[PDB]
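Note sheet for the following structure.
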Amino acid sequence: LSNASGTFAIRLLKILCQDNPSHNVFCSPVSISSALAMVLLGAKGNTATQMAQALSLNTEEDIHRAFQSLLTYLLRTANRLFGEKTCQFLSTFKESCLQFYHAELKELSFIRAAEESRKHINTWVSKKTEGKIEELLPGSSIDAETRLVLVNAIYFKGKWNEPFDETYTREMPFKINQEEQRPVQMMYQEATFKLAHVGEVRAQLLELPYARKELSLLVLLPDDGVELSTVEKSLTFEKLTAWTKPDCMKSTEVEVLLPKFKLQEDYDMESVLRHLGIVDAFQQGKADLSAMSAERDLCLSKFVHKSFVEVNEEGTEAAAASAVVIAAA
Amino acid sequence: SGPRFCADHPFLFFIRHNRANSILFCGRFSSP
Ligand SMILES: [Zn+2]
Ligand SMILES: [Zn+2]
Ligand SMILES: [Zn+2]
Ligand SMILES: [Zn+2]
Ligand SMILES: [Zn+2]
Ligand SMILES: [Zn+2]
Ligand SMILES: [Zn+2]
Ligand SMILES: [Zn+2]
Ligand SMILES: [Zn+2]
Ligand SMILES: [Zn+2]
Ligand SMILES: [Zn+2]
Ligand SMILES: [Zn+2]
Ligand SMILES: [Zn+2]
Ligand SMILES: [Zn+2]
Ligand SMILES: [Zn+2]
Ligand SMILES: [Zn+2]
Ligand SMILES: [Zn+2]
Ligand SMILES: [Zn+2]
């Protein structure tokens with residue numbers, strides 16, 4: 001299982017990196033997979049099989065184990081369903097979303113108040129992300145055909161186990177490519193961290209733990225003449241896991257220079273999910289969402305992801321949210 | 001001379017739950 005979700009996270013990251021050349025990237029694989037899994041709970045046939053395989057769940061056994069396993073600093077996740085108030089959704093579907101994701105269904109009038117409904121969902125996401133993710137659902141992503149919106153939000157804030165002293169932060173050049181450099185505020189500290197030199201891809205891997213060391217930031221930095229795209233192509237979840245093992249990533253006194261930075265990204269996920277093989281769920285006539293509703297011209301009309309991260313001398317704050325719009329076709 | 005980690009060019013990064021070995025967030029820092 002851990003390998004399933006790691007494989008998904010790395011594939012997601014590789015696709016996003018490849019689809020957004022020379023652009024910052026940031027996502028929450030956990031948020032996206034939570035939203036996609038709630039759809040899976042309402043899907044059948046090939047619609048369901050494509051989504052399970054996108055999540056690296058290739059057998060019925062693997063699907064059941066993934067969901068059953070759910071049943072067992074700040075870090076918080078929230079899931080919610082938003083359903084057209086004049087529709088009914090199957091009890092078994094609502095029960096499964098409640099049991100596995102603690103998702104309740106809030107009724108909205110998509111048919112008569114699409115814009116107020118969009119604002120309500122976006123306000124819910126903002127609350128659950130401490131204001132960091134505003135306007136998850138863009139204009140026209142909710143309309144008279146919208147019937148169900150499945151939403152995940154995640155929020156993290158943690159202090160470093162070994163924070164940087166802001167005294168030693170200084171502006172330095174950051175090489176965005178061979179011919180261009182831009183200034184960054186570079187944090188500095190010499191301390192003992194787990195650090196790997198990865199000969200296979202000519203890169204270094206640093207671990208910076210958060211307080212309690214329950215969570216860590218891992219930074220994969222190519223050696224100074226190596227293009228990051230070559231590391232992206234070589235990357236797999238199995239390799240990344242090997243490189244974090246004690247034999248590769250060992251405690252080392254190291255001078256760390258890491259930029260302070262803040263990113264905000266947003267994604268239309270349809271092209272991503274297509275690369276992972278999800279096609280039927282989007283297609284009028286082929287989508288089978290009959291485990292959510294006895295209405296049976298439903299399809300997946302939109303899947304959006306928005307994220308936020310801030311890294312500075314004290315720690316890290318990160319948030320993300322994912323929304324799936326199911327509509328009547 | 002000693003070990004140096006100087007992240008002054010593009011890198012990948014990951015926020016991981018260590019016990020679970022779970023990638024919670026990940027990304028690429030390409031430009032300020
Ligand atoms: Zn593509
Ligand atoms: Zn950006
Ligand atoms: Zn299995
Ligand atoms: Zn089953
Ligand atoms: Zn009602
Ligand atoms: Zn209806
Ligand atoms: Zn529970
Ligand atoms: Zn709940
Ligand atoms: Zn609050
Ligand atoms: Zn090297
Ligand atoms: Zn090694
Ligand atoms: Zn090794
Ligand atoms: Zn020493
Ligand atoms: Zn591909
Ligand atoms: Zn400060
Ligand atoms: Zn440098
Ligand atoms: Zn460099
Ligand atoms: Zn833990």
Side-chain angles (χ1 to χ4, degrees), chain A residues 1 4-5 8 30-72 77-111 117 120-121 124-125 128 137 142 145-154 269 273 276-304 321-329:
Chain A
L1 186 58
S5 53
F8 176 76
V30 154
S31 173
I32 293 162
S33 71
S34 289
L36 181 55
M38 296 201 270
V39 180
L40 177 55
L41 288 169
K44 281 175 190 283
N46 289 328
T47 296
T49 296
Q50 295 173 357
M51 297 171 188
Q53 296 183 354
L55 293 162
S56 290
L57 306 170
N58 297 323
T59 62
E60 179 72 11
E61 261 190 355
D62 291 338
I63 294 160
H64 289 165
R65 175 179 66 192
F67 285 108
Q68 294 300 314
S69 303
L70 296 170
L71 300 183
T72 71
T77 59
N79 301 287
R80 201 153 180 88
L81 303 175
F82 301 94
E84 164 55 36
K85 76 193 281 187
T86 60
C87 293
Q88 298 293 325
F89 299 92
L90 291 180
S91 150
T92 53
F93 172 72
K94 292 182 298 189
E95 284 170 7
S96 289
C97 291
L98 180 62
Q99 177 178 35
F100 295 120
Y101 290 96
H102 221 297
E104 296 99 40
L105 189 151
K106 200 255 169 280
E107 285 175 358
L108 301 172
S109 189
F110 295 128
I111 290 178
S117 302
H120 171 95
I121 296 167
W124 182 81
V125 170
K128 295 303 193 183
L137 290 162
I142 302 299
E145 303 107 330
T146 302
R147 296 298 179 262
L148 182 66
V149 184
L150 305 91
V151 187
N152 167 276
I154 184 169
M269 293 306 288
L273 298 175
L276 300 171
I278 291 147
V279 316
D280 292 22
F282 293 109
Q283 261 171 6
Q284 169 227 335
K286 281 172 65 198
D288 185 348
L289 304 179
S290 73
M292 329 174 141
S293 175
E295 287 166 30
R296 295 164 52 111
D297 274 330
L298 300 176
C299 70
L300 216 170
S301 63
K302 199 157 225 309
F303 194 143
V304 295
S322 299
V324 187
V325 184
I326 293 147

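What you see below is based on every heavy atom in this structure, not just the backbone, and it leaves out hydrogens, waters and symmetry mates. Lettering of chains follows the sequences in order, A, B, ..., and the numbering in each one begins at 1.
A distance-only check finds no donor-acceptor pair linking the side chain of A:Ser31 to the backbone of A:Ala153 [under 3.5 Å]. No donor-acceptor pair under 3.5 Å is formed between the side chain of A:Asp288 and the backbone N or O of A:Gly45.
Residue pairs satisfying the side chain to side chain donor-acceptor pair (under 3.5 Å) criterion with at least one member in residues 38-55 of chain A, sequence neighbours excluded, are listed as follows: A:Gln50-A:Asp280.
Here A:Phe100 pairs with A:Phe67 under the ring pair (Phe, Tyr, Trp, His ring centres under 6.0 Å) rule; sequence neighbours left out. By the salt bridge (charged side-chain N to carboxylate O under 4.0 Å, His left out) test, A:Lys128 is found to be paired with no residue, residues two or more places apart in sequence or in another chain being considered. Annotation: salt bridge (charged side-chain N to carboxylate O under 4.0 Å, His left out) contacts of A:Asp62 (sequence neighbours excluded): A:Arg65. Residues passing the ring pair (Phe, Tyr, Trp, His ring centres under 6.0 Å) test with A:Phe82 are A:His120, A:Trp124, sequence neighbours excluded.
Atoms CZ and CG, from A:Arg80 and A:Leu150 in turn, are 12.5 Å apart once rounded to the nearest 0.5 Å. In this structure, the separation between CD on A:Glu84 and CD on A:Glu107 is 8.5 Å, given to the nearest 0.5 Å. Going from atom CG of A:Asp297 over to atom CD of A:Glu145 covers 12.0 Å, rounded to the nearest 0.5 Å. One finds the CE atom of A:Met269 at 11.5 Å from the CG atom of A:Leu300 (value rounded to the nearest 0.5 Å). Interatomic distance, CG of A:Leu108 versus CG of A:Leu148, reported as 10.0 Å (0.5 Å rounding). Put simply, CG on A:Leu57 and CE on A:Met51 are 13.0 Å apart, with the number rounded to the nearest 0.5 Å.
Annotation for A:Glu104: atom CD counts as buried by contact number, over 12 foreign heavy atoms lying within 6.0 Å. Within a 6.0 Å sphere centred on CD of A:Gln283, heavy atoms belonging to other residues, nucleotides or ligands number more than 12. Applying the 6.0 Å contact sphere to NZ of A:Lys286 captures more than 12 heavy atoms from other residues, nucleotides or ligands.
Contact of the A:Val39 side chain with the A:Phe303 side chain is not registered, since no non-hydrogen atoms from C-beta on lie closer than 4.5 Å. At a threshold of 4.5 Å between non-hydrogen side-chain atoms, the residues A:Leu36 and A:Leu273 count as touching. Using a 4.5 Å cut-off on side-chain heavy atoms (C-beta onward), A:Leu137 and A:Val325 make contact. With a 4.5 Å cut-off on side-chain heavy atoms, A:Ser293 and A:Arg147 do not count as touching.
Side-chain polar atoms of A:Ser322 and A:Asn152 form no donor-acceptor pair below 3.5 angstrom.
The nearest pair of heavy atoms linking A:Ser117 to A:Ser109 is OG-O, 3.1 Å. The minimum heavy-atom distance between A:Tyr101 and A:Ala37, with the atom names listed, is OH-CB, 2.9 Å. Minimum heavy-atom separation, A:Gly83 to A:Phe110: C-CE1, 3.9 Å. Across every non-hydrogen atom of A:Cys299 and A:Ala329, the tightest pair is SG-CB, 4.0 Å.
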Distance-only check: which donor-acceptor pairs under 3.5 Å involve side-chain atoms of residues 89-97 of chain A, not counting sequence neighbours?
from: A:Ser91; atom 1: OG; to: A:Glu95; atom 2: OE2; distance (Å): 3.0
from: A:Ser96; atom 1: OG; to: A:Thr92; atom 2: O; distance (Å): 3.1

| request: Test A:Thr77 against A:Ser34 for side chain to side chain contact (heavy atoms under 4.5 Å, CB included), laying out the working first. | output: CA-CA 10 Å; A:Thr77 59; A:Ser34 289; over 6 Å; no

